[PDB]
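Asker: Quick one: experimental structure and sequence below.
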Amino acid sequence: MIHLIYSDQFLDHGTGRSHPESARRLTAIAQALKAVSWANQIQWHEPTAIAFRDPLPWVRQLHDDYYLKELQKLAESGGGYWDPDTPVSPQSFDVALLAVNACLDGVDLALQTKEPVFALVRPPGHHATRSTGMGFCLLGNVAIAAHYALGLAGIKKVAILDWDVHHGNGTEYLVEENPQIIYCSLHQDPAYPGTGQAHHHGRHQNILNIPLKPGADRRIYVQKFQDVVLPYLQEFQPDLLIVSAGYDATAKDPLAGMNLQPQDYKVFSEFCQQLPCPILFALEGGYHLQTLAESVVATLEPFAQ
Ligand SMILES: [Zn+2]
């Protein structure tokens, strides 16, 4: 059984006509997951409404009250642009709180069932910092979910693995100070947002940045996974793995310069299965629609058998 957490309200985060972070990204994925041979093994879940679980007691662990206030106020005044690349529609604050709630649900569900969970959310989260949204990101979904998980019985350690093509500067900033969390990122260098050097390990030796030259494909990523990533995660022995699952390191993705194929994410998930803990995937980037759908399918296929 594979758990998908999805609401059509995630489609209501409005980014504009030709913005690459589009609502269709979700439809494209959903259609593919419903078309696959093992579709009857997917259980769909609607995320907990924010009227029932207010996520702010966890959002506020990470983000400034001033930032939260200003974001909500931009949304409720009719929308706008937080920066040139990061639109906010009237629904966007509520939609981002629901995306947090979907990840919180995913933590709950992964812990309860020991089965994989994919939070099919917009907006993405891994660039959002304590005090501002950026790079299409409003709130730090995965870092917030990790902090939520640490409040739960049986979770004393969380590992985050970010395979979005871009460094998760927000995630890193938000979890670096926390000895209960480790963060591992594989990312293109040079690429947006110009952060993550390999020598930055945080004061807790809990940050492992793996920058890679443009043009990387399956071979170099698999080498890093077997030689660097899984030894690091395994020595820490986390009670939960949260994967920032972005799919923009693919050859066909328009925003970046790596050359992965959809089927490579199957290998990445197989590596992650070597860990004994449960796994929550949370959608980040990935912008070519067909490639993105095929890549989510590949990500979850190793769990179908
Ligand atoms: Zn990205």
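Answerer: Yep, it's here. Residues are numbered from 1 along each chain as shown.

Asker: what about the residue of the stretch 151-300 of the chain found nearest the ion, distance to residue 21?
Answerer: Here the stretch 151-300 of the chain gets closest to the ion at one residue, residue 285, 2.8 Å apart by CB to the ion. Yep, even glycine has a C-beta here, placed from its N, CA and C like the rest. Separation of residue 285 from residue 21 (CB to CB, to the nearest Å) stands at 8 Å.

Asker: So for these two, which residues contact both of them?
Answerer: Common neighbours of residue 285 and residue 21, counting by CB atoms under 8 Å, 6 or more residues apart in numbering, are 124, 136.

Asker: The stretch 101-250 of the chain: helices as residue ranges?
Answerer: Using DSSP state H, counting those that start in this stretch, the helices of the stretch 101-250 of the chain run over 141-149, 169-175, 218-224, 230-236.

Asker: ok so, going back, which ones are touching the residue of the stretch 151-300 of the chain closest to the ion?
Answerer: Counting by CB under 8 Å, 6+ apart, residue 285 makes contact with 21, 124, 136, 164, 165, 166, 246, 247, 248, 255.

Asker: Kindly identify which of the residues you listed also come near the ion.
Answerer: Applying CB under 5 Å from the ion to those, one finds that 164, 166, 246, 248 fall near the ion.

Asker: Once you drop chain neighbours, what's closest to the first one?
Answerer: Beyond its immediate neighbours in the sequence, the residue positioned closest to residue 164 (CB to CB, 6 or more residues apart in numbering) is residue 246, lying 2.6 Å away.

Asker: residues contacting that neighbour?
Answerer: So residue 246 contacts 124, 126, 162, 163, 164, 165, 166, 283, 284, 285, 286 (CB under 8 Å, 6+ apart).

Asker: Among the helices of the stretch 101-250 of the chain, show me which one is buried the most.
Answerer: Of all the helices of the stretch 101-250 of the chain, helix 141-149 has the most neighbours on average by mean count of other CB atoms under 10 Å, namely a mean of 29.

Asker: Determine if any part of it is in contact with the ion.
Answerer: No. Helix 141-149 stays clear of the ion (CB under 5 Å from the ion), getting no nearer than 12.8 Å.

Asker: which other helices and strands contact that helix?
Answerer: Identification of packing neighbours for helix 141-149 by 3 or more CB pairs under 8 Å, 6 or more residues apart in numbering; DSSP states H and E yields helix 56-62, helix 92-113, strand 158-162, helix 169-175, strand 240-245, strand 279-283.
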